[PDB]
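Chemist: Structure in C-alpha cells, see below.
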Amino acid sequence: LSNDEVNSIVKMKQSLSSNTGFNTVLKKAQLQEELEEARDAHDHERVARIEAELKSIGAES
Amino acid sequence: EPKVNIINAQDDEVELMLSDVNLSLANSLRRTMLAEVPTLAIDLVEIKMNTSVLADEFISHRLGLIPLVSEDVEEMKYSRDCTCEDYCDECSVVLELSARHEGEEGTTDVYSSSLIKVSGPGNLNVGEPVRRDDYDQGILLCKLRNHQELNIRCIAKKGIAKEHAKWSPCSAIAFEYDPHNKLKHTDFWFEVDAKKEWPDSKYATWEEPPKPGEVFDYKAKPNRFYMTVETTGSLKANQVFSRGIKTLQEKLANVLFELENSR
Amino acid sequence: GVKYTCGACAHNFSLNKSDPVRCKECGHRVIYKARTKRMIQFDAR
Amino acid sequence: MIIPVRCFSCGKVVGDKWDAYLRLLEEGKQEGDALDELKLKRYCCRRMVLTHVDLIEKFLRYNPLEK
Amino acid sequence: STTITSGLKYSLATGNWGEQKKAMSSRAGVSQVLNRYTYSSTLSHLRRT
Amino acid sequence: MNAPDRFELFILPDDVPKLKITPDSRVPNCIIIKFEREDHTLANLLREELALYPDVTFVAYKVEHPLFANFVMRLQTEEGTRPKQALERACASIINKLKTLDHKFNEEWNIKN
Amino acid sequence: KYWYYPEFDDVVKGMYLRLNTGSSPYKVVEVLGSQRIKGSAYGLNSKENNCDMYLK
Amino acid sequence: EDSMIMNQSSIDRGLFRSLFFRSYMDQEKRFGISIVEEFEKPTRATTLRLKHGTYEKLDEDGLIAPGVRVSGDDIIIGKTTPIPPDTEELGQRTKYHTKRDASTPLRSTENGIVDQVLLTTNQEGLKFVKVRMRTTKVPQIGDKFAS
Amino acid sequence: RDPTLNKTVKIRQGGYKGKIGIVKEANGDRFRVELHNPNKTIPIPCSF
Amino acid sequence: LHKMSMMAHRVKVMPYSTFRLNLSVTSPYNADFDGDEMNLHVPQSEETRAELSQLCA
RNA sequence: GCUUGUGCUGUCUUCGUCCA
Ligand SMILES: [Mg+2]
Ligand SMILES: [Zn+2]
Ligand SMILES: [Zn+2]
Ligand SMILES: [Zn+2]
C-alpha cells in the first residue's frame with residue numbers, strides 16, 4: 001500500500017470508528033484547542049457549543 | 001545421657017529444652033536445621049506467555065520462594081545424581097500455572113493455589129504448594145488486568161539452603177542459654193545499675209536466680225539450652241528436628257567411612 | 001512474515017519489508033515487534 | 001512493587017498476609033494491633049508489611065500492550 | 001522561519017546560550033539533560049540555580 | 001561475572017579428596033587433617049568432643065578464608081593412643097549421642113501429641 | 001484483512017465462496033458486486049471489527 | 001575501612017535486587033537521491049566488512065525480537081550501506097560485494113534479555129528503530145551502599 | 001565448522017542439567033554454551 | 001604523592017571482582033573501601049620482575 | 001562435496017566518582 005491509500009483506509013475506519021480511547025482523548029484535546037481559539041477571539045456563541053459538546057463527550061469513569 | 005523436654009508443640013513451631021549436651025552440639029544442630037535439611041523448591045521456570053506488568057525474572061524469583069510440600073523428599077534423588085535424560089519423575093516435580101483476566105474491568109489476583117501438579121514421583125507426598133487451610137488462597141504471585149495472561153511451567157527440584165535460601169525449611173531459630181548469666185559469658189553494659197537496666201529473659205523463671213552470698217563457680221559449663229524452631233510449612237517442626245539429627249549423623253558417618261577407607 | 005503490534009490499539013499484523021511503517025486500522029506511526037518463539041527459561045533464583 | 005514472599009531477615013512467609021492486613025485496617029484496627037493479629041512478632045517481619053508500598057496498582061492503570 | 005526555529009533548537013539542545021557561529025565566547029551549560037535516576041534527583045534538578 | 005557457583009560449597013570434585021592427613025613432625029604423635037567441603041558445623045562439634053578426652057592433649061581448627069569451603073584440624077594425643085583412633089572414637093560417640101537424643105525427642109513428641 | 005482495499009470491489013466480483021444460508025445447509029453464491037452501506041456497521045470477527053462493506 | 005557485611009540469605013530473598021534497562025538507537029541515513037541505508041540481515045557474500053559477532057539472532061527485517069538472550073558484541077540491529085561495486089563484474093555469480101556493514105553490536109561488557117523493540121519513522125521519513133535490553137543486578141562484593 | 005554452532009542446545013548431565021543454551025564456540029569437544037538465564041558462558045564436553 | 005604510593009605485591013587469584021589488600025597497607029596508599037579504585041601493572045620481563053621483587057616490594 | 005567471515009572516528013560541552 002501507498003501512503004495515500006493507507007491514510008484513506010484510516011480515514012474510512014475513523015468514519016466507521018464508534019469510539020476508541022486514544023481517539024477520544026485526541027478529539028477532546030482538539031476541541032480544547034478550538035475552545036481556547038474561540039475564547040481568545042471573544043466569540044461567546046461558539047464557545048457555548050464547544051462546552052456543550054465537551055460535556056456530552058466527557059464524564060468518564 | 002542427653003535429655004529432651006518439650007514446652008510447646010505445634011505443626012509449624014516447637015519450643016523445647018535440651019539438657020546434658022555440649023554447646024557445640026546444640027549450635028551444630030541449629031546450623032544443620034537452618035542450612036542443610038533438604039526440601040523441595042521450584043528451580044526451573046519455562047515461560048510460554050507473560051503479558052503482565054512484571055518482568056519474567058521477577059516472577060521466576062517469586063516462584064522460587066514458594067514453599068512446597070517436602071514430606072517424602074528423602075526418597076527423591078538429586079538432579080545431578082539422576083542418570084535419566086533431562087528431568088524424570090524420580091528427580092523432579094512439574095507444576096503448571098495458567099492465569100487470565102476475563103472481562104474488560106477489574107483486576108485478577110494470581111495466587112499460589114493456582115499452581116497445579118502435573119507429574120511427580122508415584123505415591124510420594126511431594127510437590128503440592130503448602131496451604132494453611134482448605135479455604136486459604138496462599139501467596140500472592142501477580143496481578144492481571146484485561147487481556148493480560150500468565151502461562152508458565154515450573155520444575156521443582158531437591159536442594160539445601162547452602163545453595164540458595166529458597167530451600168530452607170526454617171525461618172528463624174531462637175536459641176538461648178543461661179538466662180541469669182551465672183557463667184559470666186556476657187558483660188552487661190550499664191549507666192547506673194546493670195540489674196535494672198536490662199530486661200529479664202523469658203526463661204528467667206525456669207532457673208533459680210543466684211544467691212547474693214554465692215561466689216562465682218568456675219567449674220560450671222552451659223548445660224541447658226532453650227530453642228524454638230519455626231518452619232515455613234514445607235516440613236513439620238518434629239520432621240525438621242529429626243532430619244537435622246539424621247543429616248548430622250550422616251555427615252559424621254561419612255567422615256568415619258573416609259577415615260576407615262584411608263587405610 | 002514478521003509479526004508486529006500497534007502502539008495505540010494493540011492490533012496485530014505483518015509487514016513484507018515494502019509497506020510504510022504504520023498501523024493498518026488506526027494509522028499510528030509507532031509499532032512494536034512481537035515476542036519470539038524460541039524457548040525461554042529462567043533459574044528461579 | 002508487590003508484597004515480598006519472604007521476610008528479608010529471617011525468611012518467614014509474609015506474602016499471604018497482605019489482603020488480611022488491608023482488611024484489618026479497613027475494620028478500624030491500628031497497624032500495630034493488625035500486625036499482632038496476623039502473628040508477626042519479630043520486628044523484622046513487622047517492617048516488611050508496615051513499610052511496603054504497593055506500586056503494582058499504579059503500573060496496572062496503563063493500558064495493556066498486547067491483546 | 002528556519003532562523004528562529006534552528007536558533008532556539010540549537011541553544012536548547014547544546015546549552016550554548018547564543019548564536020551558533022558565536023559559540024566561542026558564549027555562556028554554556030544554561031540547558032542540561034534532565035536527571036531521571038530517581039524522583040528526588042529530578043526535583044532537585046528542576047529547582048537548581 | 002567472577003562469582004563462583006553456589007554448589008561448590010558442598011559438592012566434592014572428582015579429583016579432590018574429602019580428607020587428607022599429614023603428620024606434624026614438630027611435636028610427637030600429631031597429625032594435620034584437611035577437610036574439604038566442610039565448615040564450622042562439623043569442625044566445632046568434632047573439636048569440642050575431642051577436647052574432653054583424657055588422652056587428647058591438643059585439638060584445634062581454623063577456617064583459613066571464608067570464601068573457600070574447607071578447614072584444617074590439628075590433633076595431638078598421648079603416646080599410647082593414635083590421633084586417628086581418637087578421631088574415630090569421637091565420631092562414633094557423637095553419633096551415639098545424636099541417636100539417643102532423637103529417640104528421646106520422638107518419645108516426648110509422641111507423649112505430648 | 002483485505003475488504004478496505006479500493007481494488008477489493010473488483011477482486012471480489014465474480015468469486016465463488018461458501019455462504020451460510022441461515023434458513024443450515026451451506027451453499028455457493030456468485031458475487032454480482034459490492035455496495036457500501038453507511039450506518040450499517042456490523043461486527044465482522046470481534047467487537048472492534050466494525051465493517052461497512054456489503055456483498056451483493 | 002567503611003566496608004560492610006551483608007547477609008547472603010537476605011540477598012537470596014530479594015534484598016536490594018534491582019532491574020537495569022538500556023536502550024540502543026539506529027536509523028537509516030540519506031546520502032543521496034538513491035543512496036539509502038537499509039535494515040537487513042547481512043550476508044558474507046553480498047556484504048563487505050562484517051564484524052566478529054554473531055548474526056543468527058537477527059530476523060528477516062534485520063532486527064532482533066524481544067525475549068532473546070544477548071551477549072556482548074552480538075549484533076542486535078543489522079544495517080548495510082551501498083557501495084559502488086569493484087571489478088568483481090569479471091564474474092562472481094552471487095558473491096560480489098555491493099554493500100558495507102554498519103550494524104550495531106551489543107556493548108562488550110553487557111549481556112541480558114531483549115525487552116522491547118520499537119519501529120517507527122523519523123521526521124525526514126526514513127526508518128527508525130529502538131531496542132531495549134533488560135537485566136537484573138544482584139548485590140555482590142564491591143557494590144556501593146549508603147545511609 | 002561444526003553443524004552445532006548457533007543452535008539451541010540442552011544440557012543432559014552434570015551440574016547444569018536441563019538448562020537451555022546456545023552453542024557459541026566449538027573447537028575440540030569442549031563446546032562453549034551460553035546459558036539463557038545466568039549471564040555467563042560455560043565450557044562443556046559434547047557428550048553432555 | 002610519594003614512592004610508597006607504588007609498591008610491588010604478590011598475586012593471589014580469587015573470586016569476585018574486587019582487588020583485595022591487607023589493611024595495614026591502606027595507610028601508605030591513603031585508601032579506604034568506600035568506592036576507591038586502584039591500578040595494577042604487570043611486568044613483562046625477567047629483569048623487570050627482578051627489579052619489582054627486589055626494589056619496590 | 002561441503003567448509004567461517006576478522007574491526008573504529010574526531011572535537012567540544014555538561015554531569016558525576018575517589019583524594020585533596
Ligand atoms: Mg574513599
Ligand atoms: Zn531423573
Ligand atoms: Zn493501531
Ligand atoms: Zn522476619
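Identifiers for the C-alpha cells are assigned positionally: chains receive A, B, ... in sequence, residues are indexed from 1 per chain, and ligands are indexed from 1 in the order shown.
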Would you mind listing the residues within 12 Å of ligand 4, counting only C-alpha atoms (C1' of nucleotides) and all ligand atoms, as a VMD selection string?
Modeler: (chain B and resid 170 to 173 230 232) or (chain D and resid 4 to 15 39 to 49) or (chain H and resid 9 to 10 13)
Chemist: Could you list, as a list in words, all residues that come within 9 Å of ligand 2? Count only C-alpha atoms (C1' of nucleotides) and all ligand atoms.
Modeler: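 The residues within 9 Å of ligand 2, counting only C-alpha atoms (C1' of nucleotides) and all ligand atoms, are residues 77, 78, 79, 80, 81, 82, 83, 84, 85, 86, 87, 88, 89, 90, 91 and 92 of chain B.
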Chemist: Show me which residues line ligand 3, defined as having an atom within 7 Å of a ligand atom where only C-alpha atoms (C1' of nucleotides) and all ligand atoms count, and present them as a list in words.
Modeler: residues 6, 7, 8, 9, 10, 11, 23, 24, 25, 26, 27 and 28 of chain C
Chemist: What is the atom CA of residue 94 of chain B-atom CA of residue 68 of chain B distance in Å, reported with one decimal?
Modeler: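 About the pair atom CA of residue 94 of chain B and atom CA of residue 68 of chain B: they are 11.8 Å apart.
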Chemist: Can you build me a table of chain A residues sitting at most 8 Å from chain G, with the closest atom pair per residue and its distance in Å to one decimal, using only C-alpha atoms, sorted by chain and residue number, as CSV?
Modeler:
```
residue,atom,partner,partner_atom,distance
A:9,CA,G:4,CA,6.4
A:16,CA,G:50,CA,6.8
A:17,CA,G:50,CA,7.5
```
Chemist: Determine, counting only C-alpha atoms (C1' of nucleotides), which protein, DNA and RNA residues have an atom within 12 Å of an atom of residue 22 of chain C; residues of the same chain fewer than 3 positions away are not included. Present the result as an NGL selection string.
Modeler: (:A and (1-7 or 9-10)) or (:C and (4-9 or 11-15 or 18-19 or 25-32)) or (:H and (119-121 or 127))
Chemist: Could you turn the residues from that selection into a file that holds N, CA and C atoms, as a compact mmCIF listing (two decimals), in the first residue's frame?
Modeler:
```
# COMPACT_ATOMS: atom_id res chain seq x y z
N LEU A 1 0.82 -1.20 0.00
CA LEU A 1 0.00 0.00 0.00
C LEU A 1 0.86 1.25 0.00
N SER A 2 0.32 2.32 -0.57
CA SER A 2 0.98 3.61 -0.58
C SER A 2 0.54 4.42 0.63
N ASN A 3 1.21 5.56 0.85
CA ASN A 3 0.87 6.41 1.99
C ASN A 3 -0.54 6.97 1.86
N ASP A 4 -0.91 7.43 0.66
CA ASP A 4 -2.25 7.98 0.44
C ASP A 4 -3.33 6.93 0.63
N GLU A 5 -3.09 5.70 0.14
CA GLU A 5 -4.05 4.62 0.32
C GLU A 5 -4.22 4.26 1.79
N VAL A 6 -3.12 4.22 2.54
CA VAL A 6 -3.19 3.92 3.97
C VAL A 6 -3.95 5.00 4.71
N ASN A 7 -3.69 6.28 4.39
CA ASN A 7 -4.44 7.37 5.01
C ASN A 7 -5.92 7.31 4.67
N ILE A 9 -7.66 4.56 4.00
CA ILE A 9 -8.21 3.45 4.78
C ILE A 9 -8.39 3.85 6.24
N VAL A 10 -7.42 4.59 6.79
CA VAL A 10 -7.50 5.05 8.18
C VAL A 10 -8.66 6.02 8.36
N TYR C 4 3.90 -7.83 14.05
CA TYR C 4 4.06 -6.57 14.76
C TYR C 4 2.84 -6.33 15.64
N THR C 5 2.85 -5.20 16.34
CA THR C 5 1.76 -4.80 17.21
C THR C 5 1.72 -3.28 17.23
N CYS C 6 0.52 -2.72 17.13
CA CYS C 6 0.36 -1.28 17.14
C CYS C 6 0.56 -0.72 18.54
N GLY C 7 1.17 0.46 18.61
CA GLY C 7 1.41 1.12 19.88
C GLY C 7 0.20 1.79 20.50
N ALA C 8 -0.91 1.88 19.77
CA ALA C 8 -2.10 2.55 20.26
C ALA C 8 -3.26 1.59 20.47
N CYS C 9 -3.66 0.85 19.44
CA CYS C 9 -4.82 -0.02 19.51
C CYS C 9 -4.47 -1.50 19.69
N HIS C 11 -3.16 -3.81 17.79
CA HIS C 11 -3.60 -4.67 16.70
C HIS C 11 -2.40 -5.37 16.08
N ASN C 12 -2.58 -6.64 15.73
CA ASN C 12 -1.51 -7.45 15.16
C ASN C 12 -1.64 -7.51 13.65
N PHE C 13 -0.49 -7.49 12.97
CA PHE C 13 -0.45 -7.54 11.52
C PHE C 13 0.94 -8.03 11.10
N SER C 14 1.25 -7.91 9.81
CA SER C 14 2.53 -8.32 9.28
C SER C 14 3.00 -7.31 8.25
N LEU C 15 4.31 -7.31 8.01
CA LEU C 15 4.93 -6.44 7.02
C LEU C 15 5.86 -7.27 6.14
N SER C 18 8.27 -3.76 2.55
CA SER C 18 7.96 -2.80 1.50
C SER C 18 6.82 -1.85 1.85
N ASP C 19 6.05 -2.12 2.89
CA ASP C 19 4.96 -1.24 3.29
C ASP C 19 5.49 -0.13 4.19
N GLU C 25 -5.16 -0.19 10.95
CA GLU C 25 -6.52 0.23 11.27
C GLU C 25 -6.59 1.65 11.84
N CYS C 26 -5.72 2.03 12.77
CA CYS C 26 -5.79 3.36 13.37
C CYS C 26 -4.71 4.30 12.87
N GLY C 27 -3.80 3.81 12.03
CA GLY C 27 -2.77 4.65 11.44
C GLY C 27 -1.79 5.26 12.42
N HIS C 28 -1.46 4.56 13.51
CA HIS C 28 -0.41 5.04 14.38
C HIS C 28 0.94 4.85 13.71
N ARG C 29 1.87 5.74 14.03
CA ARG C 29 3.20 5.69 13.44
C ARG C 29 4.19 4.89 14.27
N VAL C 30 3.74 4.30 15.37
CA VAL C 30 4.60 3.60 16.32
C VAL C 30 4.11 2.16 16.43
N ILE C 31 4.99 1.21 16.11
CA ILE C 31 4.68 -0.21 16.17
C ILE C 31 5.81 -0.93 16.89
N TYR C 32 5.49 -2.10 17.43
CA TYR C 32 6.43 -2.89 18.21
C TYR C 32 6.52 -4.30 17.66
N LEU H 119 9.79 0.21 16.32
CA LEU H 119 10.00 0.53 14.91
C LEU H 119 9.07 1.67 14.53
N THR H 120 9.63 2.72 13.93
CA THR H 120 8.86 3.88 13.51
C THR H 120 9.64 4.61 12.42
N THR H 121 9.18 5.80 12.07
CA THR H 121 9.82 6.63 11.06
C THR H 121 10.23 7.97 11.67
N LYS H 127 13.31 4.95 8.15
CA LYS H 127 13.03 4.07 9.27
C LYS H 127 13.87 4.45 10.49
```
